[PDB]
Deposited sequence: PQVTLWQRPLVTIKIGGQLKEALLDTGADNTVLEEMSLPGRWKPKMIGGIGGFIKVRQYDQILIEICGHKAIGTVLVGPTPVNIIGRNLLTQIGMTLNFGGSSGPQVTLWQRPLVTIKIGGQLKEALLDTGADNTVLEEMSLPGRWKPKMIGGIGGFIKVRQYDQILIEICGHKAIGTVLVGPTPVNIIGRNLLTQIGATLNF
C-alpha cells in the first residue's frame, strides 16, 4: 500500500491479543503505545519528545501485526498521547518515504532553507505541524501551544513562510520553539508530494 499524507497515516495493529490504531511515525526512533496490558517482564525507561520526557515500560521481543504485516521488536508502553509506530518496526514492514526514495534504517533527515538560513530537519509523518528550533524569522507571529509526548510547549506561529525542503519549495505555517529536533510535518510534506509506501 501507498499512503499520502493529507490525513494522519493511521493503521490497525494487533498486539498482545488486542486491536488498536496507531500512527505510522517516521519521526519516531521507537514505538510507543498508550497504557495497555502486556505479558511478561519489562524494564523502566525514560524517553523524550516535544514537551519533555515520560516514563515508559520497555517490552522487548513483542510480536505486533501492523496493517497485516508481522514484526517483532521493542515496544514502549506509557503516557503517550497517541499510539506511534516508530522506525524500529517501520523498517520490518518495508516502509519507505517517497517524494527520491528514503528507507527508514536511519532518521529521514533533509536539508532545508528557510529565512535565508540552512538547517537540517526530520521528515516526520507523525507530526501534523512543522516545528523548528529557536531561530530568527522575519515578520509577525502569534503565540501558540502545541502538545507532544512529554507535554506541551509554547511556540511562535509564522504563517505563509517559504521553505525549500530538499530542493522542493513549499509555503505554509512554521512553528518556532523549544522542540528537541527540527520537524517537517504533514502540512508541508503534502506540498512536496511525500508518500509512505510498504
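- Annotation: deposited residues 100 to 104 form the one stretch not represented by C-alpha coordinates in the model.
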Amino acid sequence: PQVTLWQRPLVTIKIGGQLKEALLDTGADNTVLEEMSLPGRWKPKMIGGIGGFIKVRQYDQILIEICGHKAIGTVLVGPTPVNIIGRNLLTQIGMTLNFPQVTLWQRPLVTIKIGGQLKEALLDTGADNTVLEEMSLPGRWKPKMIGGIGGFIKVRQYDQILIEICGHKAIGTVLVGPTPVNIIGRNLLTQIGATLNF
From here on, numbers count along this sequence of modelled residues.
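- On average the C-alpha atoms of 34 to 42 have higher B-factors than those of the other stretch, with 169 to 177 and 34 to 42 being the two compared.
- Note on 107 to 115 vs 90 to 98: mean CA B-factor is higher in 90 to 98.
- The entry lists C-alpha B-factors for 67, 162, 132, 28, and the highest of these is at 67.
- Placement of the Cα temperature factor of residue 5 within the chain: lowest third of the modelled residues, per the deposited record.
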